[PDB]
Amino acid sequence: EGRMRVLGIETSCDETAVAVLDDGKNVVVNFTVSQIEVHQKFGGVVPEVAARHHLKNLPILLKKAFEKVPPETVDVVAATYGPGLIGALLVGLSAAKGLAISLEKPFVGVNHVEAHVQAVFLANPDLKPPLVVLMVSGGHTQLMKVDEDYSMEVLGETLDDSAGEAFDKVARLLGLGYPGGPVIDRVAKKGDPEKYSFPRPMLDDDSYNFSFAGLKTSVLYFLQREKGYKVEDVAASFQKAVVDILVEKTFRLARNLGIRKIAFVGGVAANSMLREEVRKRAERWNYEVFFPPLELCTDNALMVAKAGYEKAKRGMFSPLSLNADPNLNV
């Protein structure tokens, strides 16, 4: 057994996460503070966790990790170093370099959005690039290409608000609460998606970039202009606008790059209307499409460990001098 065991760390934003992964396949430990919270934890004889408290949380998860995984068995240490909050990135990054020195093991700095994409290859071990990925969570709205060697480019991003952010804010406007995506999805089901149009200065046809800020305000304008509409119809009509933008561009890119496989990752990829539209076009133009499971798409250290394993296999290790970069570009 030339087994490569990789301990991943992720502290880029809100989630503190630690994972251990064997040969980019076998999950040993997959902890997030979200789980430790969202499950009860009456007091303790070991401190407690809270969201976005990376410095005090990470130690906790490491303790847990090492109880299940004896430290000397770790071969490579991997951590997110950007993009995100400098203050948060630094905790994961710095602890990881700590462990490398301590365990006399090599170290891998991982890009958060690249990591997210590994969810596709974790979930589809047989899947071979090239492929196109729509990454479309609350934080991230990005169109990416993965080529034969597993290099990644960003070919489109939001110029303002993410897709998830559009759902969240429009849901507030419709008085539906938070998170916006789910409630709108539910409420739209019983609504007419052709009822209303949402015209606004739309950006370039050829551009693979996104803009949602103007769609947000367009719905506001509508509410303070029109009389006697129904939420179902507004939600449905807005939802249609968003997925129409996302699907057109994603397939257009794939066509022009001559790629035949497309993957969708992140909260918004859950959307039932998006999934239908995607399958329709997939069928018609003969594309393979992939929708990873949801617990892989949310921030976690597994995607980091995978990203790390793949870089380590290729001997692409990071120096101990690696600074966190909040604006890291893939």
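Throughout, we count residues from 1 along the sequence that is shown.
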Q) Hey, which bit's got the bigger mean C-alpha B factor in the entry, 30-38 or 55-63? A) 30-38
**Q.** Mean Cα B-factor comparison, 118-126 or 198-206, giving the higher one as deposited
**A.** 198-206
Q. Per the coordinate record, which of the options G84, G175, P71, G214 holds the highest CA temperature factor?
A. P71
Q | Of the residues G181, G138, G109, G92, the one carrying the largest Cα B-factor as recorded | A | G138
Q: Could you say whether, by C-alpha temperature factor, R284 belongs to the lowest, middle or highest third of its chain?
A: highest
Q.
Considering every modelled residue of the chain and its Cα B-factor in the PDB entry, is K240 in the lowest, middle or highest third?
A. middle
Q: Name the third of the chain's ranked CA B-factors that contains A96, choosing lowest, middle or highest.
A: lowest
Q: Could you tell me which third, lowest, middle or highest, the C-alpha B-factor of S151 occupies within its chain?
A: highest
Q | Cα B factor band for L159 (lowest, middle or highest third within the chain) | A | middle
